[PDB]
Every structure is written in structure tokens, then in C-alpha cells.
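Everything on this sheet refers to the single structure shown next.
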Amino acid sequence: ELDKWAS
Amino acid sequence: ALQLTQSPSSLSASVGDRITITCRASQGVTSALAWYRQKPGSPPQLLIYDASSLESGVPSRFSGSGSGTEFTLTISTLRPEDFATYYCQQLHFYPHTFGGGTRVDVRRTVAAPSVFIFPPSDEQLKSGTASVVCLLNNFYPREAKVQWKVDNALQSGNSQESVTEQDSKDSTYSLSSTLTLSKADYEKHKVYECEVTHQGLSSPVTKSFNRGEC
Amino acid sequence: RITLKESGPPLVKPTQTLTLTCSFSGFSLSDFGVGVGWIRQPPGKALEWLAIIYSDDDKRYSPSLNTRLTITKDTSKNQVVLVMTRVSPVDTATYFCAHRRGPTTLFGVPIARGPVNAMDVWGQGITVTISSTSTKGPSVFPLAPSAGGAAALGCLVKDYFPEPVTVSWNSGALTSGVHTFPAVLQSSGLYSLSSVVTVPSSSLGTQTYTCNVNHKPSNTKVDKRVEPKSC
């Protein structure tokens, strides 16, 4: 899944 | 998981040179990429973060660029402490994968290895085990392949090898490979060969001996 | 200044549980967005990401080791613990913990996430070896050689545990041409290494060669004179 700070 | 491929896997250089290392991702990771330098015996050290930001305290020699699936680390004017291993790390997706690393060593002229094969000692054979060792001495570059053959049978899974750190004076490497067999199996074969392939060798060199042949 | 240091058992046996602790100073696990992760490195191999925990207690694990890992933090003692169950020889490696910056804030408002894209400070790392082996001294065997070319000879230091073992030649009087290779961890759980020395070939008749082996952990000292062979 996407990193904690992505998007 | 996301795959990070560095290139080249190994790079030879000389102090003062400019080198570039690339890291390619299997999927876009935006700008979430970091570069580290790992000197022998030490933990990794952050050089560049967020693909191109220079970490505080890191010499201006280092710079990073790229985004998405293509990244490059460049060192302008290589210094002695830069002979180390570099890794890229992706932090856009979990898990935060690392590249396989790129080893940067001191360049010198190609030098084929001197190869020697050592049969097991009668002392060891008494304990029920037979270790056959093969030595590749003072060679360069570092990459070299060793293949053990017993009575023409290629051996797999029954040998282990070690390589020395680049010599401070020679800039060469040496490698030791041990083929291990039980006394029983050892005494059941005759020809033990160590085949060596290296860039410094026009063709593979094979050192061998016949067990019991005195 | 931020510093981290890993602590734990240098040796653990297969099937056992390994508990590693990361003690840090210079930041708190109550600081916004900050994280502490664990990365391992098997001897001679690449770095492998294991897990990470953040100040808000969010946790993430390597999908490959998920079922065997647990990461927890003790905010008050400035520590993060990683528990790895059912270890096996392949888990032998150097384990590092590292700090991850949280988003940069301005008067409390996050204004930049660029700093989170890296693990900026690492511990020295702790080397862990997984083996069922008990302390055992090495068995030393000769590596028998053969003007013109160069000649090679040496000693095989086999089946000892744990590391390290020291090897010198001629009580330390012979150094040039010497190559002591890094030991290899055998599937048996025991170590074995070779130490060799190359010479012109002529000296094979004038100079004698003896490898001095010392494995402190087992109180084993051995000096083996290595000559060609055939009497």
C-alpha cells in the first residue's frame, strides 16, 4: 500500500 | 513488492573521477527516494533524500536527480572515502524497499587470478570429512566464477566461498572456495577439478588432481 | 544531535525468539510524524527493510516477515522493540534501527513532506547470529602447495564456534602474500575459514611456514607447520 505520507 | 534495480552492480573508479549510479523502479515512486553510502564496517549514511535534496552535513560532491522510475546519484570528483557501497531506497510504497547496491572500488589494470587447488589432508580424512579448497589469488576485477567438477560432474550446493576486501596496495581481490564431501563419497571419485572463469582469462582455467594418485 | 543504538543477543538458536531494542536520544516518539524503523543486512548482502513504527502508533511490517514480527515503542524510555519469532539460520545478519523525519511544520502546520523521504540517522547496528551450535574449537588442517611461478600454501580452520578466530603466520613475522579469508557459516552451524600465503617458490626450501591459530572462546591455540608434501 501507499506510504504514510503519500498522496 | 516494488522492485529497485541499481546499475551498475559494481563500478571501478579513481580518485578525482565523476561517477553516476542509477536506480530504476518497477513502478513510479514519485520523488520518495533516498541514496545512502555504506563504508565497510559501518552503517549506511544518508546522502540524498526526496530524490534530490542534499542532506545536511553531506559534501556538495553528491547530487541526486530523477523522479518516477528513473533516479541517478552522481559524485563529482570521487574521494578516497567514497570507495564504498551505495544503495537507493524507495519510500512511496510499503514495504520501503532497497536496491541491490552498487559497489565502487579502486580501478586498476585487469589481472587474471593465479589458481591453486588443495586436496584434503589425510588428517582430515581420518575424521570422516574431506574438504577440497580452491584459491584464486590477486585478481581484478572482483567478479569471478568458480565451478567444482568431480569426475566431470558439476557440483552444486556442496561448496562455499569467501572473498577478501580489495587489497590496500594491490587493488586486487582473492577468493577461497571449499568443496565439502564425506570421506566415503570422496574416496568414491578420482578427478577433482576447480574451473575458473574471469575477465583476465582468455578462456576458463581448470586446476585439478587425481585422488590417491601418488 | 540524534543517536540510536541497538541492543540484544549476539547469538540466538533456531526456533527461538529474538528481541531487539533500539534506544535513542535527540527526539521523542511523541514528536509529530516521526518514525523508527528496522533494517537488516545479512553478511555480504543488501539491505532489507523489516518494519517501522510512528509516534501515533501506526505500524507497518515487511509482508515477507509479517507473521514473525512485532514492533512496539516505549515512548517514556525512548525505545523501540522488535520481536522476531521462530528464527532460523537465514536470519543471521546485522540489524539496524533508524530514524525517519516527520513532515516539517511551521507554527504547528505541516508545510513540507520532502524530509520524510529517507531514514536520516542510523544506529551502529547489532550483529546477530542464529545457530544451535555450542562453543567449539577449530580443527586445523594443512593446505599443501606444489623457480618460475609462485607457490601457494595455507591452513584450513574448520568447524569452530563462535567467531572470531585469529590467524597469523610465523608468529606474525610473515605478512606479505598472506590472505586470511572471511569465515563462512556452514549449514552445520559451525564456522570454517582458510588462511593462505603465496611465495616465489624458491623459499619453499629455505623458509618454513607455520600458521598460528587462536580461538579465544574455546581456549584453543594451535601452531601447524605447513610444508609441501611427499615427505
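Going through the C-alpha cells in order, the chains are called A, B, and so on, while each chain numbers its residues from 1 and the ligands are numbered from 1 in the order shown.
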Practice item. Might you pull out every residue within 10 Å of stretch 21-35 of chain C, with only C-alpha atoms counted and same-chain residues fewer than 4 positions away left off, and present them as a ChimeraX atom specification? Key: /A:4-5 /C:1-9,52-59,71-83,96-105,108,110,113,116,119,123,125-126
Kindly provide the residues of chain B that approach chain C to within 9 Å, each paired with its closest atom pair and their distance in Å to one decimal, based on only C-alpha atoms, listed by chain and increasing number, as a tab-separated table.
residue	atom	partner	partner_atom	distance
B:1	CA	C:63	CA	8.5
B:31	CA	C:117	CA	7.9
B:32	CA	C:117	CA	5.0
B:33	CA	C:117	CA	6.1
B:34	CA	C:118	CA	5.1
B:35	CA	C:118	CA	8.0
B:42	CA	C:124	CA	6.7
B:43	CA	C:124	CA	5.5
B:44	CA	C:122	CA	7.0
B:45	CA	C:122	CA	7.3
B:46	CA	C:120	CA	5.5
B:47	CA	C:120	CA	8.7
B:48	CA	C:118	CA	8.0
B:49	CA	C:118	CA	5.3
B:50	CA	C:117	CA	4.9
B:51	CA	C:117	CA	8.0
B:53	CA	C:114	CA	8.3
B:55	CA	C:120	CA	8.1
B:87	CA	C:47	CA	8.1
B:89	CA	C:118	CA	7.4
B:90	CA	C:117	CA	8.1
B:91	CA	C:117	CA	6.0
B:92	CA	C:117	CA	8.1
B:94	CA	C:60	CA	7.5
B:95	CA	C:62	CA	5.6
B:96	CA	C:49	CA	6.2
B:97	CA	C:49	CA	6.0
B:98	CA	C:47	CA	6.3
B:99	CA	C:46	CA	7.5
B:100	CA	C:46	CA	5.4
B:101	CA	C:46	CA	6.4
B:114	CA	C:150	CA	8.5
B:116	CA	C:152	CA	7.0
B:117	CA	C:145	CA	8.5
B:118	CA	C:143	CA	5.8
B:119	CA	C:143	CA	7.6
B:120	CA	C:143	CA	7.7
B:121	CA	C:142	CA	6.5
B:123	CA	C:141	CA	7.0
B:124	CA	C:141	CA	6.7
B:131	CA	C:156	CA	8.8
B:133	CA	C:143	CA	8.0
B:135	CA	C:152	CA	8.6
B:137	CA	C:198	CA	8.3
B:160	CA	C:184	CA	7.1
B:161	CA	C:184	CA	7.4
B:162	CA	C:182	CA	5.9
B:163	CA	C:181	CA	6.4
B:164	CA	C:181	CA	5.7
B:165	CA	C:181	CA	9.0
B:174	CA	C:179	CA	7.5
B:175	CA	C:181	CA	7.6
B:176	CA	C:181	CA	7.0
B:178	CA	C:194	CA	8.9
B:214	CA	C:230	CA	8.7
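A straight line drawn from atom CA of residue B:30 to atom CA of residue B:3 is 14.2 Å long.
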